[PDB]
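Next up: the same protein chain in two forms, each one alone, written as structure tokens (structure 1, then structure 2).
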Structure 1
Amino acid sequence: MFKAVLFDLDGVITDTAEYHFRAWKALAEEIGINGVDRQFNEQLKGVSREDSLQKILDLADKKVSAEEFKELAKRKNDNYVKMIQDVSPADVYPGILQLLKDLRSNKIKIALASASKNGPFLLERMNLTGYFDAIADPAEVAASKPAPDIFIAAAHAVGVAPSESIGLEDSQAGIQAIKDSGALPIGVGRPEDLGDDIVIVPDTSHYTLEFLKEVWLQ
């Protein structure tokens, strides 16, 4: 049986993928780039703050100073951090709180494998911190999603092999990161976005311990 579940945060635990999208699009438009629509945003899900800004600049062939780059990333983060102040336990996605409870009852380790430096704050806002056996610090890894490092680190932090772990993701980049870690991915979203080659569920109510077992037994 699997021994750990490795959670992405944004778009898996709560609806903060929407907030990142709104903040990045606002930033992009302030600098005169309007290609950041929902379709393009599928390339931004899972990607670090600086990598996201670079993808937006590259979309437009735009070349800012190092000083401006730093200011833009900070501006977007400051806006995002204001957006999330009112996140609460009521914003936890369907199924997720019960999944965490059921995993703990079955002695399955729970680790956060999020790129977000705002992750710990968000788990506290949602009264979820106590469910997590570890939070992999995304500043510690040498390579960000789609590299597998953050999922490998999350599994290591709870003493479980990636190959005995399930990863939960809503992003193209994150699904690739899970694949390359050796863990088993279960995506949440549209197969049109996430692929026809892994198990995908349409919403997080599908993330039950029963279903994770169903999939693992395979």
Structure 2
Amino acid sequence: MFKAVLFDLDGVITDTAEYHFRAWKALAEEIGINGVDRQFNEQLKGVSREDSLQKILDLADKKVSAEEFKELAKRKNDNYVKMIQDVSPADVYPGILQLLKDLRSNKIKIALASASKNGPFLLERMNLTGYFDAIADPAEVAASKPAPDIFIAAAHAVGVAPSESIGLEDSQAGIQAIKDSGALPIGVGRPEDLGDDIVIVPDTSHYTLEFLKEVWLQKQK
């Protein structure tokens, strides 16, 4: 039986993506840049905050000093941090609360493996801190998501090897990160984005202790 479950936050535990989208959109509008719609934002995923801001500036061929550049980047983050102040327990994805309860009562380790610099704050706002045994700190991770580093740090933080874990993800890079760490991935989304070689649930309400166990069993080969 697996000894720990490693959680990504966005797309699994809750949604932050919409908040990032709105923040960028507020910055753009603040400096009169138009075109940052739910279409363009799709090109801002898995990209750096610097690269994203640049893409946005390239929309209006807007030039700015390296100074004004860093300040714009900071503004986007401040908007984001302001926007997440209202995150609450109601924002927890379906099935997640019960899964955490079930894992805890089954003595299965729980760890956050997220790039979010606001992970601890967000879990406290959703009232989930007490379920987590460890939070892998994004700033201590040398290589981002595609790399297995963070799932490896998250597993070690709870005293297990990744090979004794299951990783829950909503992104292709995340799925790859889990595979390369040696943990068993179970994605949420659709094969077209995630891949055809892993178990996938359409929505998180299907992430139950019973389902995880059956998947872990049917893995033994």
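Between two forms, the rigid core is the largest collection of C-alphas that superpose within 1.5 Å. Residue numbering: sequential along structure 1, first residue numbered 1.
- In a rigid-core overlay of the protein, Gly159 has its C-alpha displaced by under 2 Å between structures 1 and 2.
- Annotation: Cα of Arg75 displaced by at least 2 Å between structures 1 and 2, core superposition.
- Of the two rigid parts of this chain, the smaller turns against the larger by 27 degrees between structures 1 and 2, per C-alpha superposition.
- The shift recorded for the CA atom of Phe7 between structures 1 and 2 is 0.2 Å, with superposition on the rigid core.
- Taking the rigid core as reference, the CA displacement of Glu29 between structures 1 and 2 comes to 8.8 Å.
- Aligning the rigid core between structures 1 and 2 leaves the CA of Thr16 offset by 1.9 Å.
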